[PDB]
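**Q** Structure in structure tokens, see below.
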Amino acid sequence: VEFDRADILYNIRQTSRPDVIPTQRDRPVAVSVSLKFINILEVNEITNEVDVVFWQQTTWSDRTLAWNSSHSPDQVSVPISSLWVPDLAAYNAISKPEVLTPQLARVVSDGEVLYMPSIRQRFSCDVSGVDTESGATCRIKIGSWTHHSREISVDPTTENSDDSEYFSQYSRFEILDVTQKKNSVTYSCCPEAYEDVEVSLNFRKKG
Amino acid sequence: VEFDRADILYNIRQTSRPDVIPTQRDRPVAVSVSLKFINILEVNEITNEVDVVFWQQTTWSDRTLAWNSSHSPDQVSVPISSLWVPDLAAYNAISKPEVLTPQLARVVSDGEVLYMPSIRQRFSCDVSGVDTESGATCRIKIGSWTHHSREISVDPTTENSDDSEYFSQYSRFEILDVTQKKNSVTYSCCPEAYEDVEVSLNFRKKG
Amino acid sequence: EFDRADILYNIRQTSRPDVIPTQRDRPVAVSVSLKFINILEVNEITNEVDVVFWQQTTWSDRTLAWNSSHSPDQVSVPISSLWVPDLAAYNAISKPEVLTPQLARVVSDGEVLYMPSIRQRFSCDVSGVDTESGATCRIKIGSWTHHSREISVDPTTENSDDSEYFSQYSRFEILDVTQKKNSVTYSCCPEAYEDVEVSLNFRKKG
Amino acid sequence: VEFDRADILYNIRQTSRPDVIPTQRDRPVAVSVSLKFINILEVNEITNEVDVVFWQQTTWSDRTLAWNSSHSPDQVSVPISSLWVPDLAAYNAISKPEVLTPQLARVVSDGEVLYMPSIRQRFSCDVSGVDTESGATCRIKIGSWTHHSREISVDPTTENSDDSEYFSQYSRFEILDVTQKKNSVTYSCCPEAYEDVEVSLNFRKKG
Amino acid sequence: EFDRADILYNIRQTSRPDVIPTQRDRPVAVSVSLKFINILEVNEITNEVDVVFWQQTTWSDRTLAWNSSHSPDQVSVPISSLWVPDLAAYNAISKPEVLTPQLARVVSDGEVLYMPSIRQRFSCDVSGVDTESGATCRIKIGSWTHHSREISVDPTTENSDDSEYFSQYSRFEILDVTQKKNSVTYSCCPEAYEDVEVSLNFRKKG
Ligand SMILES: *[C@@H]1O[C@H](CO)[C@@H](O)[C@H](O)[C@H]1NC(C)=O
Ligand SMILES: *[C@@H]1O[C@H](CO)[C@@H](O)[C@H](O)[C@H]1NC(C)=O
Ligand SMILES: *[C@@H]1O[C@H](CO)[C@@H](O)[C@H](O)[C@H]1NC(C)=O
Ligand SMILES: *[C@@H]1O[C@H](CO)[C@@H](O)[C@H](O)[C@H]1NC(C)=O
Ligand SMILES: *[C@@H]1O[C@H](CO)[C@@H](O)[C@H](O)[C@H]1NC(C)=O
Ligand SMILES: [N+]
Ligand SMILES: [N+]
């Protein structure tokens, strides 16, 4: 054992610059974002508002975190306060994200970071048809609040898992389909393009 | 690269004095304030209260932040906790501003600062006529809480985009017009003048 | 001589926020004035009000003073860098929700002005709220832990309209705001605690 | 003046160890606990829940705080963050204590500490009979969460003042009697005894 | 030899709260036991419960140990000075509201006993709550970020009654509480994560 977990964590806390985006060769930090829906708690077809629980699965690389793990543990759990974390925000959120879980990320000796908080949050989106067979399709847009496409690129995750694997069987609602579209948007507010992942939650009230 | 992003951020955090208004020449800090409405969530015509979501687009100059970017990135995102930010408050707010987004501002190498939080907040204003064709006109006044007109001037941005560019299509309400104008008010409390931007939100319930 | 950065640096390095600025063993004179902005919710059954007010607080702290003959004579300072009086409303039934930036204004002679906008609920007399005479809700504000030899609490000068800053859009209207200074000795402690009692006479609009 | 208030507070701030229980001679710290009821805000006889405002009058001795006051002030107010405070909890509380008042205690030059926060808190207790002449009797148990009887002893106080001395005349309810009594309980979780003060609030809806 | 001041000073100076106390590359054995205190609100339509429980948590951290042959063998330490397991209820729909002082008990051999009283809301099976058989609500608690080689989670051996500490004033009553140990592999992740599944069998009182 070259570096034990105490040495690894000590090195990360002393030298991780949480305010510094881990950019490489002036390429954007590639952030992967995938929502795994856990619950749909409250739906209002009149106001077009949903209250939803989801895992915001977030991965990226930060090579300033890397260590030689040939004779050491190759992974540690790190408080996010000690790490740079992408400034992701859901564009159509109408409440502050309530993080339900310990605020720790997993860091791998090659600098990959995985962070997957469970968030409860309310959204403004299309709720029409929720009580039909076709269901409603609520779209959630997540992207960097302040980093444009040359600094943060945002891409949807890789595909092997079912959409309902994590979803509560006790919810009043059921998931029909979940698709993760990718957008690069240039707005009037700002000259640069901002990338987002658009998650389409097709869901319906159980019969 | 002369200064990479780590160097820029290091220099800012070591020398930015967040308590210190960046007044130059004994001229006021010119603060630009523009509200971009995102949603109108709840309206009560009996109590004259609205619950609204808006981007509080705030720009100002802080020369102590400037760096030589001839061979360096000319922009970085910085936690507002490392910067002086204007002490702006909505005068007719009846709840604490709920900041929905990451608390980062964008700083340009010439010292210009761009801070645009998405805020949910409740306001006491005129809701009468909300369910008519003319609609209601809700006025929100935003100014510095403690800096008078010789220290902070407050001005509405030049208005280029439509008032609904970022407004939710799923809101029960629609925006008819938004106008911004500045005031300089002497109050009886204090002998100086305090500047504000008055935002008039003309809106109505959809038919 | 001193720019704002120097003044704020000096204050931040030498202001002792835990230390009451008593001088000659006289009480710190704290002026308290409530300016009502809104009355949000009223319940005549439970005798509870929800209100928005500016808690205008002034006092002197000479350890803050600087020579301003060739310098700015005022700066805004985070209250975290300043001693602030431990004032509490005796009949509050919620924590004070401070709506505004936590900054005070400090003048070069050491006079501090702190005026947070606060939303807070109170237990008080709501009876008669829907009559012409209105209800009279009394709010008592005093130092939680400093007795009259350490903090004296005085109502400021009433100079303006009592509805000067009151919302025209409130369901309610203000008939009169009066501010008075009581001097009480309670069964807890052989010494005296000062408070300002604010009487808010208000009614539902017709 | 030998030590002014600045010197006293400086000395306390520098040497008070707020994480260290002030045992002497391996005797328990004697903590006095007395509730003074200010208001009864909400009562539910169906759920057996009450919402109450009370002063939690707490006194104890901490000799590491003492100073020579022969020529100095014999009392100061001190942020509780600079003092050790007893880890008291109400056993049947169903909400976190909402502390309404500034978080300062009073310290006397002999090391006697008095801390009296005004607390709003909800309780699970017997609400039956609330709307009868006999009234309801709601019992609240307060003791140390983690210190057993050899480390903290908890005792009530003396009935100098009436039970409704500070109780709101504007409450929907009235206090008939308060009794505060000492308990020492050995539970099954833990081989030690934990002391508590059990406050019995006899109260009724006004007629 | 060491008074409580010395013990706490040594812990505060050397306890590394971000460092998991793995030994010989064996997992930290974390014991988890829920003691239900109250069931506050139940909704059979939404399948949601609001519950108060003691989250009794124990583990060993030998970097906390001290020689207690002539010293106190136990102290209470703020959790902020200790490593605590990153436990999370998988079906919680609200943040855990910790009702109690955030202190743990540390024994001189390095055993930590942390038992917060927690109010939390859960999504689980509420059907049958108003029948004699009652509802069975299952709550799963495991480490959020540590797999089975780093943290093992096990139900504690508990002689004490299910209702030992449950409120007699609750609208509900407890019929049975079982605890059960799982280990799962999810698609997201190569490794296995351990949890304790607590089955709360409960019903509305008649
Ligand atoms: C990693 O460390 C080991 C020494 O334990 C060494 O064998 C190897 O060279 C290192 N790999 C590098 C430097 O990439
Ligand atoms: C910026 O730096 C360059 C060298 O990188 C220098 O030539 C130029 O004078 C600098 N700008 C200033 C100090 O105005
Ligand atoms: C303030 O500074 C001025 C100018 O330097 C000086 O005349 C005066 O002595 C100072 N005030 C005092 C302490 O008398
Ligand atoms: C307290 O201080 C006075 C002198 O200021 C001294 O006479 C007395 O001895 C001191 N108390 C003791 C015994 O520590
Ligand atoms: C604890 O101290 C005692 C003597 O006070 C000693 O016998 C022993 O070496 C110490 N710790 C161990 C290794 O058990
Ligand atoms: N999980
Ligand atoms: N995870």
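Chain labels A, B, ... are given in the sequence in which chains occur in the structure tokens; within each chain residues are numbered consecutively from 1, and ligands are likewise numbered from 1 in the order shown.
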Pull out every residue of chain A sitting within 12 Å of chain B, counting only C-alpha atoms, and send them as a PyMOL selection string.

**A** chain A and resi 15-26+44-50+64+84-98+121-128+138-139+142-148+150-152+187-190

**Q** Could you give me, as a list in words, every polymer residue with an atom at most 10 Å away from an atom of ligand 2, counting only C-alpha atoms and all ligand atoms?

**A**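 What falls inside 10 Å of ligand 2 is residues 1, 2, 3, 67, 68, 69, 70, 71 and 72 of chain B.
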
**Q** Would you mind exporting C-alpha atoms of the selected residues as a PDB file, in the first residue's frame?

**A**
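selection-v8.pdb written:
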```
ATOM      1  CA  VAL B   1      -0.943  30.789 -21.868  1.00  0.00           C
ATOM      2  CA  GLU B   2       0.370  33.499 -19.486  1.00  0.00           C
ATOM      3  CA  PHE B   3      -2.316  32.982 -16.840  1.00  0.00           C
ATOM      4  CA  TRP B  67      -6.144  40.950 -15.512  1.00  0.00           C
ATOM      5  CA  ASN B  68      -3.978  41.041 -18.642  1.00  0.00           C
ATOM      6  CA  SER B  69      -5.634  38.647 -21.105  1.00  0.00           C
ATOM      7  CA  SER B  70      -3.469  39.249 -24.201  1.00  0.00           C
ATOM      8  CA  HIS B  71      -2.318  35.618 -23.888  1.00  0.00           C
ATOM      9  CA  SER B  72      -4.855  34.303 -21.334  1.00  0.00           C
TER      10      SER B  72
END
```

**Q** Looking only at the backbone, which of the residues in chain D does DSSP tag as strand (DSSP E), as a count of residues only?

**A** 95

**Q** Please extract the residues at most 8 Å from ligand 6, counting only C-alpha atoms and all ligand atoms, and provide them as JSON, numbers by chain, using the chain letters and residue numbers of this document.

**A** {"E": [88, 89, 90, 142, 143, 144, 193]}

**Q** Could you report the residues within 9 Å of ligand 3, using only C-alpha atoms and all ligand atoms, as a PDB file with N, CA and C atoms, in the first residue's frame?

**A**
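Printed below is out_4.pdb as written:
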```
ATOM      1  N   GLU C   1      -6.363  60.342   2.308  1.00  0.00           N
ATOM      2  CA  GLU C   1      -5.925  59.656   3.571  1.00  0.00           C
ATOM      3  C   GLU C   1      -6.339  58.178   3.580  1.00  0.00           C
ATOM      4  N   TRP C  66     -13.236  56.808  12.577  1.00  0.00           N
ATOM      5  CA  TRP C  66     -12.006  57.131  11.881  1.00  0.00           C
ATOM      6  C   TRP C  66     -11.976  58.612  11.541  1.00  0.00           C
ATOM      7  N   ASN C  67     -10.773  59.104  11.246  1.00  0.00           N
ATOM      8  CA  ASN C  67     -10.551  60.471  10.845  1.00  0.00           C
ATOM      9  C   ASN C  67     -10.976  60.673   9.394  1.00  0.00           C
ATOM     10  N   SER C  68     -12.083  61.371   9.196  1.00  0.00           N
ATOM     11  CA  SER C  68     -12.597  61.544   7.846  1.00  0.00           C
ATOM     12  C   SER C  68     -12.419  62.954   7.278  1.00  0.00           C
ATOM     13  N   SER C  69     -11.429  63.688   7.782  1.00  0.00           N
ATOM     14  CA  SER C  69     -11.183  65.035   7.277  1.00  0.00           C
ATOM     15  C   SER C  69     -10.859  65.036   5.763  1.00  0.00           C
ATOM     16  N   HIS C  70     -10.198  63.976   5.293  1.00  0.00           N
ATOM     17  CA  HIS C  70      -9.858  63.814   3.875  1.00  0.00           C
ATOM     18  C   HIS C  70     -10.209  62.409   3.360  1.00  0.00           C
TER      19      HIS C  70
END
```

**Q** When you count only C-alpha atoms, which of these residues is closest to chain E: A:185, A:63, A:27, A:163?

**A**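 Of all the options, A:163 lies closest to chain E.
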
**Q** Counting only C-alpha atoms, what is within 9 Å of residue 155 of chain C, bar same-chain residues fewer than 4 positions away, as a ChimeraX atom specification?

**A** /C:30-33,179-181,195-198

**Q** Just write the chosen residues, N, CA, C and O atoms, as a PDB file, in the first residue's frame.

**A**
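Writing done, so here's result_11.pdb:
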```pdb
ATOM      1  N   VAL C  30     -29.530  52.587  22.326  1.00  0.00           N
ATOM      2  CA  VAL C  30     -30.017  52.007  21.079  1.00  0.00           C
ATOM      3  C   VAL C  30     -31.384  52.612  20.733  1.00  0.00           C
ATOM      4  O   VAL C  30     -32.317  52.519  21.537  1.00  0.00           O
ATOM      5  N   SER C  31     -31.482  53.241  19.559  1.00  0.00           N
ATOM      6  CA  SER C  31     -32.755  53.747  19.053  1.00  0.00           C
ATOM      7  C   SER C  31     -33.433  52.692  18.172  1.00  0.00           C
ATOM      8  O   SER C  31     -32.809  52.122  17.277  1.00  0.00           O
ATOM      9  N   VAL C  32     -34.704  52.431  18.443  1.00  0.00           N
ATOM     10  CA  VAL C  32     -35.479  51.443  17.712  1.00  0.00           C
ATOM     11  C   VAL C  32     -36.760  52.083  17.197  1.00  0.00           C
ATOM     12  O   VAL C  32     -37.496  52.746  17.950  1.00  0.00           O
ATOM     13  N   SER C  33     -37.014  51.894  15.908  1.00  0.00           N
ATOM     14  CA  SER C  33     -38.233  52.386  15.278  1.00  0.00           C
ATOM     15  C   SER C  33     -38.707  51.375  14.243  1.00  0.00           C
ATOM     16  O   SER C  33     -37.922  50.933  13.387  1.00  0.00           O
ATOM     17  N   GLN C 179     -44.990  54.740  19.329  1.00  0.00           N
ATOM     18  CA  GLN C 179     -43.821  54.053  19.865  1.00  0.00           C
ATOM     19  C   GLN C 179     -43.519  54.614  21.230  1.00  0.00           C
ATOM     20  O   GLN C 179     -43.411  55.846  21.413  1.00  0.00           O
ATOM     21  N   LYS C 180     -43.442  53.712  22.201  1.00  0.00           N
ATOM     22  CA  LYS C 180     -43.226  54.114  23.577  1.00  0.00           C
ATOM     23  C   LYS C 180     -42.165  53.276  24.254  1.00  0.00           C
ATOM     24  O   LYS C 180     -41.819  52.174  23.776  1.00  0.00           O
ATOM     25  N   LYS C 181     -41.643  53.837  25.337  1.00  0.00           N
ATOM     26  CA  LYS C 181     -40.553  53.283  26.118  1.00  0.00           C
ATOM     27  C   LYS C 181     -41.081  52.904  27.497  1.00  0.00           C
ATOM     28  O   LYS C 181     -41.431  53.795  28.272  1.00  0.00           O
ATOM     29  N   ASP C 195     -37.665  48.144  27.078  1.00  0.00           N
ATOM     30  CA  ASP C 195     -38.216  47.830  25.770  1.00  0.00           C
ATOM     31  C   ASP C 195     -38.946  49.004  25.148  1.00  0.00           C
ATOM     32  O   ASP C 195     -39.387  49.887  25.850  1.00  0.00           O
ATOM     33  N   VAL C 196     -39.024  49.010  23.824  1.00  0.00           N
ATOM     34  CA  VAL C 196     -39.922  49.883  23.104  1.00  0.00           C
ATOM     35  C   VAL C 196     -41.140  49.058  22.755  1.00  0.00           C
ATOM     36  O   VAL C 196     -41.021  47.928  22.213  1.00  0.00           O
ATOM     37  N   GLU C 197     -42.301  49.609  23.068  1.00  0.00           N
ATOM     38  CA  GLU C 197     -43.571  48.988  22.730  1.00  0.00           C
ATOM     39  C   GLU C 197     -44.153  49.761  21.570  1.00  0.00           C
ATOM     40  O   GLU C 197     -44.419  50.965  21.670  1.00  0.00           O
ATOM     41  N   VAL C 198     -44.316  49.061  20.448  1.00  0.00           N
ATOM     42  CA  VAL C 198     -44.949  49.652  19.264  1.00  0.00           C
ATOM     43  C   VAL C 198     -46.411  49.214  19.209  1.00  0.00           C
ATOM     44  O   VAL C 198     -46.703  48.017  19.216  1.00  0.00           O
TER      45      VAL C 198
END
```

**Q** Just need the residues of chain C within 9 Å of chain D, counting only C-alpha atoms, so spit them out as a PyMOL selection string.

**A** chain C and resi 16+18-22+45-48+86-96+123-126+143-146+187-188

**Q** Please write the residues from the selection above to a file, keeping N, CA, C and O atoms, as a tab-separated table (two decimals), in the first residue's frame.

**A**
```tsv
chain	number	residue	atom	x	y	z
C	16	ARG	N	-14.68	44.34	17.28
C	16	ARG	CA	-14.90	43.18	18.12
C	16	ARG	C	-16.41	42.98	18.22
C	16	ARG	O	-17.07	43.63	19.04
C	18	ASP	N	-18.32	40.78	19.42
C	18	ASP	CA	-18.91	40.20	20.63
C	18	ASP	C	-18.89	41.18	21.82
C	18	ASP	O	-19.42	40.88	22.88
C	19	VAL	N	-18.32	42.38	21.61
C	19	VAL	CA	-18.05	43.33	22.66
C	19	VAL	C	-18.97	44.56	22.58
C	19	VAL	O	-18.88	45.36	21.63
C	20	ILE	N	-19.85	44.68	23.57
C	20	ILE	CA	-20.78	45.80	23.65
C	20	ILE	C	-19.93	47.06	23.80
C	20	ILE	O	-19.02	47.07	24.59
C	21	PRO	N	-20.16	48.10	23.00
C	21	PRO	CA	-19.35	49.32	23.10
C	21	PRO	C	-19.82	50.26	24.21
C	21	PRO	O	-20.05	51.43	23.94
C	22	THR	N	-19.95	49.76	25.44
C	22	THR	CA	-20.24	50.65	26.58
C	22	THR	C	-19.06	51.59	26.85
C	22	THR	O	-17.89	51.20	26.73
C	45	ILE	N	-59.24	34.80	15.40
C	45	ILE	CA	-59.52	33.65	16.27
C	45	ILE	C	-58.28	33.29	17.10
C	45	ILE	O	-58.37	33.13	18.32
C	46	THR	N	-57.13	33.17	16.43
C	46	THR	CA	-55.88	32.80	17.11
C	46	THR	C	-55.09	34.00	17.66
C	46	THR	O	-54.13	33.81	18.42
C	47	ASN	N	-55.49	35.22	17.29
C	47	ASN	CA	-54.80	36.44	17.69
C	47	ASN	C	-53.33	36.46	17.22
C	47	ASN	O	-52.39	36.62	18.03
C	48	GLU	N	-53.14	36.28	15.92
C	48	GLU	CA	-51.82	36.18	15.34
C	48	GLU	C	-51.75	37.07	14.10
C	48	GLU	O	-52.68	37.11	13.29
C	86	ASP	N	-28.50	42.80	20.73
C	86	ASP	CA	-29.29	41.58	20.80
C	86	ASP	C	-30.79	41.79	21.03
C	86	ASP	O	-31.36	41.27	22.01
C	87	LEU	N	-31.42	42.54	20.13
C	87	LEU	CA	-32.84	42.89	20.25
C	87	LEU	C	-33.71	41.71	19.86
C	87	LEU	O	-33.38	40.95	18.95
C	88	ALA	N	-34.82	41.56	20.57
C	88	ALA	CA	-35.76	40.49	20.25
C	88	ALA	C	-37.15	41.04	20.51
C	88	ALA	O	-37.34	41.73	21.53
C	89	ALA	N	-38.12	40.73	19.64
C	89	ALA	CA	-39.52	41.05	19.91
C	89	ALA	C	-40.08	40.01	20.89
C	89	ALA	O	-40.08	38.82	20.59
C	90	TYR	N	-40.53	40.47	22.05
C	90	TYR	CA	-41.01	39.61	23.14
C	90	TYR	C	-42.19	38.71	22.81
C	90	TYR	O	-42.30	37.62	23.39
C	91	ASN	N	-43.07	39.20	21.94
C	91	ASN	CA	-44.27	38.47	21.54
C	91	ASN	C	-44.20	37.88	20.12
C	91	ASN	O	-45.22	37.52	19.57
C	92	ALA	N	-43.00	37.77	19.56
C	92	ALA	CA	-42.80	37.10	18.28
C	92	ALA	C	-43.04	35.60	18.48
C	92	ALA	O	-42.68	35.04	19.51
C	93	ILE	N	-43.68	34.98	17.49
C	93	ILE	CA	-43.95	33.55	17.50
C	93	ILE	C	-43.30	32.88	16.29
C	93	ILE	O	-43.55	31.72	16.01
C	94	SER	N	-42.47	33.64	15.58
C	94	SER	CA	-41.60	33.08	14.57
C	94	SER	C	-40.26	33.76	14.61
C	94	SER	O	-40.14	34.87	15.14
C	95	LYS	N	-39.23	33.10	14.08
C	95	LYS	CA	-37.91	33.72	13.92
C	95	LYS	C	-38.06	34.90	12.97
C	95	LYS	O	-38.85	34.84	12.03
C	96	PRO	N	-37.33	35.97	13.20
C	96	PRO	CA	-37.32	37.08	12.24
C	96	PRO	C	-36.74	36.63	10.89
C	96	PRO	O	-35.61	36.10	10.84
C	123	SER	N	-47.94	37.31	18.27
C	123	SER	CA	-49.12	37.08	19.07
C	123	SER	C	-49.52	38.40	19.72
C	123	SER	O	-48.76	38.97	20.52
C	124	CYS	N	-50.69	38.89	19.35
C	124	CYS	CA	-51.16	40.16	19.87
C	124	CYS	C	-52.65	40.29	19.62
C	124	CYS	O	-53.25	39.42	18.98
C	125	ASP	N	-53.23	41.38	20.14
C	125	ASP	CA	-54.67	41.62	20.06
C	125	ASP	C	-55.12	41.97	18.65
C	125	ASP	O	-54.79	43.04	18.13
C	126	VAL	N	-55.86	41.05	18.03
C	126	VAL	CA	-56.39	41.24	16.68
C	126	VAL	C	-57.88	41.60	16.69
C	126	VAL	O	-58.44	41.93	15.65
C	143	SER	N	-33.55	44.32	24.42
C	143	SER	CA	-32.36	43.48	24.51
C	143	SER	C	-32.66	42.19	25.27
C	143	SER	O	-33.23	42.23	26.37
C	144	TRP	N	-32.29	41.06	24.68
C	144	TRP	CA	-32.56	39.77	25.29
C	144	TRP	C	-31.73	39.54	26.56
C	144	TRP	O	-32.22	38.94	27.52
C	145	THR	N	-30.48	40.00	26.56
C	145	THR	CA	-29.59	39.65	27.68
C	145	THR	C	-28.93	40.83	28.38
C	145	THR	O	-28.24	40.64	29.38
C	146	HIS	N	-29.08	42.04	27.85
C	146	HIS	CA	-28.44	43.21	28.47
C	146	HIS	C	-29.49	44.02	29.23
C	146	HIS	O	-30.49	44.45	28.65
C	187	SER	N	-39.82	39.03	37.47
C	187	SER	CA	-39.59	38.06	38.55
C	187	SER	C	-38.34	37.18	38.36
C	187	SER	O	-37.89	36.52	39.30
C	188	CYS	N	-37.80	37.17	37.14
C	188	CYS	CA	-36.60	36.40	36.81
C	188	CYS	C	-35.34	36.98	37.45
C	188	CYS	O	-34.50	36.25	37.99
```

**Q** Name the residues in contact with residue 52 of chain C at a cut-off of 12 Å, using only C-alpha atoms, excluding same-chain residues fewer than 4 positions from it; report them as a ChimeraX atom specification.

**A** /B:91-96,123-124 /C:34-41,96-100,116-122,165-167,170

**Q** What's the separation between atom CA of residue 157 of chain D and atom CA of residue 203 of chain D, in Å to one decimal place?

**A**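 Interatomic distance, atom CA of residue 157 of chain D to atom CA of residue 203 of chain D: 20.4 Å.
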
**Q** Of the residues E:147, E:199, E:27, E:205, which is the one nearest to ligand 7, using only C-alpha atoms and all ligand atoms?

**A**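 That would be E:147, the residue with the smallest distance to ligand 7.
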
**Q** If I take atom 1 (C, counted along the ligand's line) of ligand 5 and atom CA of residue 17 of chain E, how far is one from the other in Å, to one decimal?

**A**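 Distance between the two atoms: 25.1 Å.
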
**Q** Leaving out residue 59 of chain A and any residue of its chain fewer than 6 positions from it, which residues lie within 6 Å of it when counting only C-alpha atoms, given as a list in words?

**A**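 In the requested form, the answer reads residues 31, 32, 113 and 114 of chain A.
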
**Q** Would you save the residues from that selection as a PDB file, in the first residue's frame, using N, CA and C atoms?

**A**
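Final file, out_19.pdb:
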```
ATOM      1  N   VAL A  31     -19.076  16.814 -19.599  1.00  0.00           N
ATOM      2  CA  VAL A  31     -19.928  16.392 -18.486  1.00  0.00           C
ATOM      3  C   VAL A  31     -21.076  15.541 -19.013  1.00  0.00           C
ATOM      4  N   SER A  32     -21.180  14.321 -18.499  1.00  0.00           N
ATOM      5  CA  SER A  32     -22.299  13.413 -18.793  1.00  0.00           C
ATOM      6  C   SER A  32     -23.379  13.571 -17.740  1.00  0.00           C
ATOM      7  N   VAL A 113     -14.704  11.565 -12.104  1.00  0.00           N
ATOM      8  CA  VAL A 113     -15.570  11.867 -10.962  1.00  0.00           C
ATOM      9  C   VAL A 113     -17.000  11.476 -11.285  1.00  0.00           C
ATOM     10  N   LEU A 114     -17.593  10.739 -10.368  1.00  0.00           N
ATOM     11  CA  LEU A 114     -18.991  10.430 -10.451  1.00  0.00           C
ATOM     12  C   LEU A 114     -19.677  11.068  -9.239  1.00  0.00           C
TER      13      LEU A 114
END
```

**Q** Set the distance at 6 Å and use only C-alpha atoms: which residues neighbour residue 149 of chain A once local chain neighbours fewer than 4 positions away are removed? I'd like the list as an MDAnalysis selection string.

**A** chainID A and resid 153 193:195

**Q** Take the residues from that selection and put them in a file with N, CA, C and O atoms, as a PDB file, in the first residue's frame.

**A**
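The resulting file, result.pdb, is reproduced below:
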```pdb
ATOM      1  N   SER A 153     -19.170  20.945 -22.257  1.00  0.00           N
ATOM      2  CA  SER A 153     -20.115  20.254 -23.137  1.00  0.00           C
ATOM      3  C   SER A 153     -20.939  19.306 -22.277  1.00  0.00           C
ATOM      4  O   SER A 153     -20.424  18.753 -21.326  1.00  0.00           O
ATOM      5  N   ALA A 193     -22.791  29.760 -27.156  1.00  0.00           N
ATOM      6  CA  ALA A 193     -23.747  28.667 -27.128  1.00  0.00           C
ATOM      7  C   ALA A 193     -23.652  27.936 -25.795  1.00  0.00           C
ATOM      8  O   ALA A 193     -22.561  27.698 -25.287  1.00  0.00           O
ATOM      9  N   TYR A 194     -24.808  27.626 -25.221  1.00  0.00           N
ATOM     10  CA  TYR A 194     -24.893  26.855 -23.983  1.00  0.00           C
ATOM     11  C   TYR A 194     -25.537  25.500 -24.276  1.00  0.00           C
ATOM     12  O   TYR A 194     -26.612  25.413 -24.873  1.00  0.00           O
ATOM     13  N   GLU A 195     -24.842  24.447 -23.870  1.00  0.00           N
ATOM     14  CA  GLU A 195     -25.320  23.088 -24.087  1.00  0.00           C
ATOM     15  C   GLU A 195     -26.238  22.652 -22.962  1.00  0.00           C
ATOM     16  O   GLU A 195     -26.064  23.058 -21.814  1.00  0.00           O
TER      17      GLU A 195
END
```

**Q** Using only C-alpha atoms, find the one residue out of B:43, B:199, B:178, B:80 that sits nearest to residue 140 of chain B.

**A** B:199
